[PDB]
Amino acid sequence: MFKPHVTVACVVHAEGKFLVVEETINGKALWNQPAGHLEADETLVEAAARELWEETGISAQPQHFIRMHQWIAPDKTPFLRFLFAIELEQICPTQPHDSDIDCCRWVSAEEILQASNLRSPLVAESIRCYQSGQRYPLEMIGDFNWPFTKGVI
């Protein structure tokens, strides 16, 4: 039966700057939000928090849900891409724990919106959606009667 590739992404914002990971996709250096694929026995925010750590070394929970984007990539892969928002009081050190990621760069909104080296068109959309200022609670895409442990206090 049909099953879409489910992904999560984070808009990490601090001091008027957005966090962006660089990645070499067959021969070209492209930018994306700290993002990746959802795994088995995993909550969507747990996926987002994990991917954030794997790609950037930053350890922080998602705060608000922004939006989900349903789209097909040019390789014909169908995605359900869940975007989250993270505000940090200040810019912090980054270090990828993923050989896929070359470096991280704290970059302005205009620098992304006008960039020509984005992983996908959703990189720019994620900024447009964040700039609107519309944010939603994490519960509205939350787990239900979840069997595994999740967090503490």
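Start at 1 with the first residue shown and count on from there.
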Entry-reported C-alpha B-factor of residue 50 relative to its chain, by third, is lowest
Entry-reported Cα temperature factor of residue 70, expressed as the chain third it lands in:
highest
Using the temperature factors of the C-alpha atoms in this entry, rank residue 30 within its chain: lowest, middle or highest third.
middle
Ordered by C-alpha B-factor within the chain, which third holds residue 138? Give me lowest, middle or highest, please.
middle
Sorting by Cα B-factor within the chain, modelled residues only, which third would residue 87 end up in: lowest, middle or highest?
middle
